[PDB]
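Next up: just one chain, as structure tokens, the form deposited without the partner chain.
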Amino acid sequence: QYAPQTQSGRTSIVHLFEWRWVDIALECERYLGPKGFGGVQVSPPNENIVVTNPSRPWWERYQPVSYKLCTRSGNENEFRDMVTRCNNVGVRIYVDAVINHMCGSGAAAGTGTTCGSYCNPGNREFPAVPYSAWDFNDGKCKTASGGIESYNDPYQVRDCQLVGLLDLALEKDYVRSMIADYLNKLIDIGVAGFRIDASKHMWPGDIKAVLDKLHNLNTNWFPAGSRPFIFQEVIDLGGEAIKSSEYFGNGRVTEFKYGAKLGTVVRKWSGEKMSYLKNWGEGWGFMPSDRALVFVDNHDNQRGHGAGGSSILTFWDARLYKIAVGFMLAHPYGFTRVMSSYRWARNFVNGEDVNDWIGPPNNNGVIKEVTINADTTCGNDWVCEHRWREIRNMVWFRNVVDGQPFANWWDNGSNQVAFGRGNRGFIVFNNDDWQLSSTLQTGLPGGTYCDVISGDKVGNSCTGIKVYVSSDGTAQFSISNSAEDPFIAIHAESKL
């Protein structure tokens, strides 16, 4: 469940948060395929409850009412069309599987749902599944409120309601099977794997029971005997009762310590310095690389009060964000997931964004299409970080150096560091408040390389900075602390 199942050589996936199926299909063909992206994590494709207060927040999609592929992103025909078109150009689709719960227990009964299905939350009725009161954890939960009151008790975290959400009785074969049927339909359609939502709130064994029922991947695009890629979303920053390691037997796990620690370091908070990143990975107390799904930020924490809090770097802090994303994409640790967001009107009161609920760009509830501008950026307030040259080229960098070991590390004892990947790539960073001017061993063959951060290799020339590597592998890197992008990256395919 550990292999990403991306086409050979493609090493990253991108979270196209709240994007509609038709836009993702076009994106695979016009961009993701040609640019070497391994796949796309899509928002929950199953029907959810409509939330009118606030008006259509992004989080209403985490309140399932059925397993019908009918959402604001599109219907079943559009979903299938997207999976087919993306797979046909070598770009995989990974589904955000919301299976720990249904909608809020306080929600009203009716057909105010994304596909018009009926549900009565108060009586635990979800006829479109179908689920009834017998399929929920109400009696199993031992807290007086019926909700999670203490994370120090693994039992209530798994058996009680997460923020009032109706907790599914995952111990039951009926429920496990109902979930497996939904997931298997997705697999047969062409999906390569799943992001298991709120995994921390389910027992590792229950998840395993669901996973054991899954089909092998569709042979139209994958080799026979291929198991779906599984990455479980478990928020574990350490120092708590539930550990990410409890889920290693099911597949990969999201390493939230990654972005929290990296953001703190790049921001230079708590006395942290980039030079400390020499032993990045397990050296920093992280899970094994082969069990990790890493990222700088995700849809939750980019809003400021998730795992990592204010230390999390996002598109709002563009310069430092590109540095953090670049370091991640160059470092061999874990399987990388790049974030792709939309802008919203932030309003911090007492250190917290009260507008963090704002849903995707829309016209009266209808999600806007993703328009592409001549300069390759996006319109309609879709940030499209995955299209920024500095990120796009680092995604390619990761593909180029795939399999090469961490090597030639260098640091100035403060915030200037550098390292390579075997003899195929090298990256240099200056995060200090002064000039970087050093001749370093790159581990690369002599020649002239185009810096893929400031530009690209076009024909027999570079559009940006050029790096002349000596016969002995050394090269001078001069980066001012006032540079827009204080880092340089070169690889085998950027060589003239």
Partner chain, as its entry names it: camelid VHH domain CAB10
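Residue numbers count along the first chain shown, from 1.
Quick note: we don't show the form solved in complex with the partner chain, though the next part is all about it.
**Q** Ok, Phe406, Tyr118, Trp221, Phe248: which has a heavy atom sitting within 4.5 Å of the partner chain in the deposited bound form?
**A** Comparing distances to the partner chain in the deposited bound form, the residue within 4.5 Å is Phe248.
**Q** Work out which of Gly285, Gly225, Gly122, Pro130 lies within 4.5 Å of the partner chain in the deposited bound form, going by heavy atoms.
**A** Answer to the contact question: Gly285.
**Q** Does the trio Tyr2, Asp206 and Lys243 actually contact the partner chain in the deposited bound form, every residue with a heavy atom within 4.5 Å?
**A** Judged in the deposited bound form, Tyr2, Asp206 and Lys243 all sit within 4.5 Å of the partner chain.
**Q** In the deposited bound form, which of the stretches 81-89, 391-399, 375-383, 197-205 has residues with heavy atoms within 4.5 Å of the partner chain?
**A** Every other range fails; the passing one is 197-205.
**Q** Heavy atom to heavy atom, is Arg424 within 4.5 Å of the partner chain in the deposited bound form?
**A** Contact check for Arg424: no, nothing within 4.5 Å of the partner chain in the deposited bound form.
**Q** Is there a non-hydrogen atom of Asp188 within 4.5 angstroms of a non-hydrogen atom of the partner chain in the deposited bound form?
**A** Taking the distances in the deposited bound form, the answer for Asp188 is no, it never comes within 4.5 Å of the partner chain.
**Q** In the deposited bound form, is there a heavy atom of the partner chain that lies within 4.5 Å of any heavy atom of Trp410, even though the partner is absent here?
**A** Outside the cut-off, so no.
**Q** Are any of the heavy atoms in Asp290 no more than 4.5 Å from a heavy atom of the partner chain in the deposited bound form?
**A** So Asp290 counts as contacting the partner chain.
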